[PDB]
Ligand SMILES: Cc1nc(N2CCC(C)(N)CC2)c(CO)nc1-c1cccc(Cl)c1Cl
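Given next, in structure tokens, is a single chain: the form solved without this ligand.
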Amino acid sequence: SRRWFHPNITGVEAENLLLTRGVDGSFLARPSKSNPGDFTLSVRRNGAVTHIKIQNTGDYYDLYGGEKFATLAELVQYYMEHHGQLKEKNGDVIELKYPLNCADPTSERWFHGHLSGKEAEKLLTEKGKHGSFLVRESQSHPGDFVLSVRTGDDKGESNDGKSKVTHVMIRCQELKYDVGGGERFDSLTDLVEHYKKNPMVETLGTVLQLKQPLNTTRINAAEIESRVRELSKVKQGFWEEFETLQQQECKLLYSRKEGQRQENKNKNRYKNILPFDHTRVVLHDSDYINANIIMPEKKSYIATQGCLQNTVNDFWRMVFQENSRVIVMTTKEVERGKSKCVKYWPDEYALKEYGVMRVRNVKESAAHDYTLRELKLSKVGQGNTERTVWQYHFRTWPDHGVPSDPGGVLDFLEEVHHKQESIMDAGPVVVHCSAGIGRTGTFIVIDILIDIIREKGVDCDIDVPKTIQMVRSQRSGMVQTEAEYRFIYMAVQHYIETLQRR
């Protein structure tokens, strides 16, 4: 699972890897070092290596000669089984058969790389819990590693002596890893996963359970500024934190069967970017829309794609069914000469029907970063189903990359939050962009984090990657790029200072 991804390898190194340890059908993915933000699919075929560009501009993974995907895991799963119709110019099939596995452990949640014996004990003593563990580089034995495991009962600081921390040396000799006896492993991940399944037992009988990695991402909101400083800059920083998050995407390959159904195929903007069955919005007014409920784990959201001409009516059905009263559009109808969303609302002062739904554009206000549209939504034949829907259209998202300052986003979401809150029993806030995962994901996560701070003040804990992972288990690929990942941190930092300045 995600071992075919090699986060710190060069193009030539990848070639040599595939040529020396691979066979025809072998492959790996890697970040493009030439095209930052983008990726490369390196495949061995007919005795040599081909490199295949995978572009990600913030909306999705665009495989050259292939299709658009929500995550690299989903792309690889796609080809490595059903509908592996990957080809090139000539029309030749390119087979993805043998994942060439990576041995670098940096993006393992339990691997902290560069860290000392004292700080390690600090983390394990405070955040630590029964079965919490971690692996750091040995400073006293270069090339070697230390595994540290907390066992006992309760968590956090204790003095009852009912808990303890054990340290196990991991020797690296001749490119393989062991704990001083027994099996030797080709990588630290193999070793760790072996001892998770077969726990080490001490003579006196303490079983060293490797239950959960220690959390090293959670911070107190007050000190986000300091955390950003360290992650910015050897010890792991932003890049490793993000790559560690990406690695966990392989836990999220849930079914999206309803999306793949023939009847619903043309209801998806992008054919392979689908909602999870278990969180999709079911329309019980067919029953299909490309949307998922996102629930923070009071205010919820619906992340959805931009409407197609044949899904406009379904979009409005969804809005009515869910009692949604606020809609956040983060896209222009067309960007870089590409359709991203059809106009699904009437011109100002006009009234339109969309199947059984009827919508009136009452009034448009404009601001710097956005236009607000007051819409009246009702069901035809029923002159009491009228509800006001507020459509916030954010227009200042740069066509390439992310905004240089988060202040417009923050002011926008602040305004969106007050609107939602003013309307008792309003359902989820609808958020959409092209595929409903890039910007949508970014806006939603930022909104989630700020709400924690708005309600609990400067003195609360936030965990960006964990919030993102929680959101990703509800819609595929939410938050697409490391760029957006940094932008989330910047936005929460910026919010904090504007809070304290007042």
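Numbering starts at 1 and runs along the sequence shown.
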Deposited residues absent from the coordinates between residue 353 and residue 354, none, 1 to 3, 4 to 9, or 10 or more? none
Can you say how many deposited residues have no coordinates in the span between residue 285 and residue 286, choosing none, 1 to 3, 4 to 9, or 10 or more? 4 to 9
Stretch with higher mean Cα temperature factor, 147 to 155 vs 361 to 369, is 147 to 155
Should the higher mean CA B-factor in the entry be assigned to 267 to 275 or to 116 to 124? 116 to 124
Of the residues 417, 432, 130, 379, the one whose Cα carries the largest B-factor in the deposited record is 130
Quiz for you: based on the deposited Cα B-factor, which of 411, 74, 333, 243 is highest? 333
Please say which third, lowest, middle or highest, residue 478 falls into when its CA temperature factor is compared across its chain. lowest
Sorting by Cα B-factor within the chain, modelled residues only, which third would residue 142 end up in: lowest, middle or highest? highest
Among the modelled residues of its chain, does the C-alpha B-factor of residue 31 lie in the lowest, middle or highest third? middle
Third of chain Cα B-factors occupied by residue 102: middle
Chain thirds by Cα B factor, record data; residue 339 belongs to the highest
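Here the subject shifts to the form deposited with this ligand bound, a form of this protein not shown in this document.
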Can you work out which of 138, 313, 217, 378 has a heavy atom no more than 4.5 Å from this ligand in the deposited complex? 217
Which of 95, 322, 240, 364 has a heavy atom within 4.5 Å of this ligand in the deposited complex? 240
Interface stretch in the deposited complex with this ligand - options 300 to 308, 382 to 390, 208 to 216, 339 to 347, non-hydrogen atom within 4.5 Å: 208 to 216
If we define contact as a non-hydrogen atom of the residue within 4.5 angstroms of the partner, is residue 40 a contact of this ligand in the deposited complex? no
Give a yes or no for residue 469: in the deposited complex, does one of its heavy atoms lie within 4.5 Å of a heavy atom belonging to this ligand? yes
Within a 4.5 Å heavy atom cut-off, is residue 111 in contact with this ligand in the deposited complex? yes
Contact flag, residue 245 vs this ligand in the deposited complex, heavy atom cut 4.5 Å: yes
